[PDB]
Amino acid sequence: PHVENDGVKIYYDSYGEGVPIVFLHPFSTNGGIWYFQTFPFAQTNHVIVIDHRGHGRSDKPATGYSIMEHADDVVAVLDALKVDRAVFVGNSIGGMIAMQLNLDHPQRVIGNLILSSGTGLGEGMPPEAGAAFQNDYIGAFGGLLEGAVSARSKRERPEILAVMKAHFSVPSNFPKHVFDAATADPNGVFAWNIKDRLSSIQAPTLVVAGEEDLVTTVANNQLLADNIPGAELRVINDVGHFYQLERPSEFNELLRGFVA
């Protein structure tokens, strides 16, 4: 279905009943990425999987891609679904959205699973890489994606890197102007920075990082886990940016651990 937030349609799917779990997909992808999580958790929970604005089946306006605005889209979805508080599972930019949600709407948070995310991402990337995105968008993005999956994943599951390279090459799913607008926003995916405000996040937080993730380094997740009070970090062996796809069942067990 769709919710409307200030004229922008956000697509979402909702299955099952119980304690709500909200899945927030990584940048340039969509809700489909949660295929192996969505339905097993729909057996025990109220699963809500969202397409961010500018992604997949949601509207893709020319501008308005701050993490705060994304968070407001999420709140719109929760409002239409009459949800008070929810479990938030965020991947990359989804983690950003979840954290921002903890900042602006702590009253709607049960807890967080942050998968492969960080803050002040833009300044942490090599300076040349931005120029690479200005010079050759698709090429630079591909190069970045070769560091998003583990070697073991490249061996046994090449379809992951395939589908992820496909995600940003399909204008129907992820048009170029959304990338440009998000990069241009002073609080977009690259510029969003809450290093000083992390310690205000008090909700139960499980930060999960892949050992071989070069898109989001172990240090980047560590910055998150170390400054959020009572946060736990799990550095996952033989995994890159997409734990939910690289080793789906194990991610499912880890998320199953967040219950009490």
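From 1 onward, residues are counted along the sequence shown.
Between 61-69 and 44-52, the higher mean Cα B-factor belongs to 61-69. Once the C-alpha B-factors are averaged per stretch, 127-135 and 144-152 rank with 127-135 first. In the PDB entry, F174 places in the middle third of its chain by CA B-factor. In this PDB entry, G90 carries a Cα temperature factor that places it within the lowest third of its chain's modelled residues. When the modelled residues of the chain are ordered by C-alpha B-factor, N193 sits in the highest third. In the deposited entry, the Cα temperature factor of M164 sits in the bottom third of values across the chain's modelled residues. Annotation for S116: CA B-factor lies in the lowest third of the chain's modelled residues.
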